[PDB]
Protein chains: 2
Amino acid sequence: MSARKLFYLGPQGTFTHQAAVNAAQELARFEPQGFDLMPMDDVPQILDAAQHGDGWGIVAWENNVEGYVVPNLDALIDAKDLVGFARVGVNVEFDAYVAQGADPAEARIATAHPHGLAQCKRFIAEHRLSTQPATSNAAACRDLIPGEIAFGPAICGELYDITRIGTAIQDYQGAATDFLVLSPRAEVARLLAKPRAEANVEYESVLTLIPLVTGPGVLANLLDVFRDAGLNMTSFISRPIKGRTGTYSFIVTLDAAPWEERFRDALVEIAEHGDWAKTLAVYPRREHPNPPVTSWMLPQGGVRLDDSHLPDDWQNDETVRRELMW
Amino acid sequence: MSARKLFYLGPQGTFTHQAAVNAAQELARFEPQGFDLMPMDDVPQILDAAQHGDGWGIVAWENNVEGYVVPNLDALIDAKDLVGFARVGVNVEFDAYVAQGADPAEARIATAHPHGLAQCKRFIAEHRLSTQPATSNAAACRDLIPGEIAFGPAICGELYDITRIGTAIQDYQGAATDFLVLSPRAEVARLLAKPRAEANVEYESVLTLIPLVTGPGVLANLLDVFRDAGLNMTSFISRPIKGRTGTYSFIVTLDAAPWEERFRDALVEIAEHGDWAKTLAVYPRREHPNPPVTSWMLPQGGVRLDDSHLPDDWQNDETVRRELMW
Ligand SMILES: O=C(O)C(=O)Cc1ccccc1
Ligand SMILES: O=C(O)C(=O)Cc1ccccc1
């Protein structure tokens, strides 16, 4: 009858804690009696407790500015019995805090994890603060005393007796981390019985593929399979297999559920070629902004030709030579 | 007549400082009068000074455990006039240090950047140390006083009056970061005149490609071009174009120089399709370990069939259903 435990990277107040709160909200219907959010010291302990069946884990997956959390990716790849079934986002915003009762004019020190101080340079500038490092942004907000300002997640203001003096004060606008919720596979299959039965098309999957061949053409031959099946991808990365340099796996995120016939037929083809395959996550399809190509702002330099009216002798232009280095 | 300046992420003692030392050695023949290694506060300042023509920059590129340094990747993508021309590695090993004259039995505190303490857990355990955070591992070794042990790069022992008591004491064996050396493009083209003239095949390139089309098949059609040209890839990642979600660029690392005819003909084809393209780096080809496929150790679970003798009704095996979630 107990609350479903949701294990996240501690301590209390981290962005991963916020992710757990968000997850508990979106997943409320799966666990009517609610969730018990439990901080853990690290990610391997989270996976272990999830895989033992004590509850669900939530782990940072991808940030749009910093990329994948590669150790988490690698750990999920090699888990014996976990799969992702929800993907939740947390905007990376830092608030500024003082110890309750402390006067902000008297703060001379900014405290946060060094990566947090790096994201709040302007604020530190504008307030003439020195910097002191903390083990985490959250620990900084926990340990606040007068004469300091801590930078941390919005959630810290809920958890500790601290006074918010600044909201979303970080330099960069628009960074966000996505997190996956993880559970043993049989449990998830059951949770997915209805959409699987309804052949619901509104799902995304994350898949790892290892063609057991090397050399030119291996990835092209693989991806032709997804093309010919009409499967759209939204993220792709190559990784070594278990840190071994010179080995190659591929992790794809696609706009399909593995029960869809086109997906099924792709995987049959890939598996019958001998490639190793594993589905790492299946979760409801997020709605992607689709800014049109004609509105895409391209990076500086580079070569771009008008495909319907090509320039003459374009291959020898000095600027082309520079950008392509040929 | 001066030393060539080499700008790296400060302060003195960082792994990036070690990378600069390594770079100065491998590149000694380009600058007979030697190098002046200059620490800078951040990467954008490094790129700026490189692009202004004050000297060369060196920036962290990819770590095998943590992946690409995505902000560095993105910054190079958008530079107006920089290209990489050397790729140097630094093994991630931490040494343990005490203030000169201090007795190691009396150390009660370990100091490092939190990511450094996280990589040296066992040592901290085995020595009954509490932990204190520092802004960087290097800063920890700089600021050493008795009763502390700092964890930092080998180079710290050269730069500060500190006594090494432990060598490569970190938990994980075998992590390494590669760094790129950057310079304006005309300068690099000149540096590459000989191998370009000799049509030297012993180079690798990093390339960013942006097909100006969306939907299924876009990447497959692109990569078919590299297949048909016999170009082998060793790394691949998708990225948003300038943080914009729903836009897509691709960054490939390949075993060819852009002057090679097969490479040239690939890029002609890609450019005449309308895709935007930019070469981010060209540098001597590193020798890749090529462990044979039959020796590849695969991750736990997953589906792998014997391609020459397939199992019967394999698509309905309970274990298959679990690993693929269909
Ligand atoms: O080819 C497709 O499926 C596309 O949508 C392009 C793509 C491919 C892989 C990652 C991101 C975008
Ligand atoms: O298809 C090839 O070129 C391969 O070598 C496989 C591959 C592709 C992309 C990144 C790493 C390996």
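Here is how names work: the chains are called A, B, and so on, in the same order as the sequence lines, proteins then strands, and each is numbered from 1. Computed from heavy atoms alone, side chains included, the values below leave out hydrogens, waters and symmetry copies.
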*Can you see which heavy atom on B:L117 is nearest to which on B:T111, and at what distance?*
CD1-C, 4.0 Å
*Using side chain to side chain contact (heavy atoms under 4.5 Å, CB included) as the criterion, point out the one residue from A:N221, A:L223, A:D224 that pairs with B:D224.*
A:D224
*Side chain, backbone, both or neither: which part of B:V188 has a heavy atom under 4.5 Å from chain A?*
both
*asked:* Please rank A:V65, A:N64, A:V282 by heavy-atom pairs under 4.5 Å with chain B and give me the top one.
replied: A:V65
_Can you tell me which portion of B:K242 sits under 4.5 Å from chain A's heavy atoms? Options are side chain, backbone, both or neither._
side chain
*Given a strict heavy-atom distance threshold of 4.5 Å, which part of B:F226 is in contact with chain A: side chain, backbone, both, or neither?*
neither
*Between B:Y248, B:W276, B:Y68, which shows the greatest number of heavy-atom pairs under 4.5 Å with chain A?*
B:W276
*Is it the backbone or the side chain of B:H288 that comes under 4.5 Å from a heavy atom of chain A, or both, or neither?*
neither
_Residue part contacting chain A, namely of B:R244, when any heavy atom lies under 4.5 Å_ = side chain
*Does anything in residues 254-266 of chain A get under 4.5 Å of chain B by heavy atoms, and if so which residues?*
A:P258, A:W259, A:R264
*Please name the pair of heavy atoms, one in A:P299 and one in B:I210, separated by the smallest distance, quoted to 0.1 Å.*
CD-CD1, 3.7 Å
*Select one option (side chain, backbone, both, neither) describing which atoms of B:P311 are under 4.5 Å from chain A's heavy atoms.*
neither
*Looking at A:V303, A:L305, A:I237, which has the largest count of heavy-atom pairs under 4.5 Å with chain B?*
A:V303
*If you look at every heavy atom in A:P211 and B:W296, which pair is closest and at what distance?*
O-CZ3, 3.6 Å
*B:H113 versus chain A, heavy atoms under 4.5 Å apart: side chain, backbone, both or neither?*
side chain
*Between A:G246, A:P216, A:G215, which shows the greatest number of heavy-atom pairs under 4.5 Å with chain B?*
A:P216
*Against chain A, label B:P133 side chain, backbone, both or neither, depending on which of its atoms sit under 4.5 Å from a heavy atom there.*
both
*Residue pair A:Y203 / A:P195: nearest heavy atoms and the distance that separates them*: OH-CG, 3.5 Å
*Pick from B:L267, B:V225, B:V218, B:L222: which one makes a side chain to side chain contact (heavy atoms under 4.5 Å, CB included) with B:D275?*
B:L222
*Classify the ring geometry between B:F250 and B:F236 as parallel (under 30°), tilted (30 to 60°) or perpendicular (over 60°).*
tilted
*Is chain A contacted by the side chain of B:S295, its backbone, both, or neither, given a heavy-atom distance below 4.5 Å?*
both
*Between A:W326 and A:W314, what is the ring plane arrangement, given parallel below 30°, perpendicular above 60°, and tilted in between?*
tilted
_Looking at every heavy atom in both B:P184 and B:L82, which two are closest together, and how far apart are they?_
N-CD2, 3.9 Å
*What part of B:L212 is in contact with chain A, defined as an atom under 4.5 angstrom from a non-hydrogen atom: side chain, backbone, both or neither?*
both
*Where on B:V268 is there a heavy atom nearer than 4.5 Å to chain A: the side chain, the backbone, both, or neither?*
both
*Interchain contact, A:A134 with chain B, by part (heavy-atom threshold 4.5 Å)*: backbone
*side-chain hydrogen bond (donor to acceptor under 3.5 Å, both in side chains) partners of A:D41, counting only residues at least two apart*: none
*Is it the backbone or the side chain of B:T234 that comes under 4.5 Å from a heavy atom of chain A, or both, or neither?*
both
*asked:* Which atoms of B:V83 are under 4.5 Å from chain A, going by heavy atoms: the side chain, the backbone, both sets, or neither?
replied: side chain
*Interchain contact, B:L298 with chain A, by part (heavy-atom threshold 4.5 Å)*: both
_If I compare all heavy atoms of B:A277 with all of A:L324, which pair ends up nearest, and what's the gap?_
O-CD2, 3.8 Å
_Side chain proximity check, B:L280 to B:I77, heavy atoms < 4.5 angstrom_ = yes
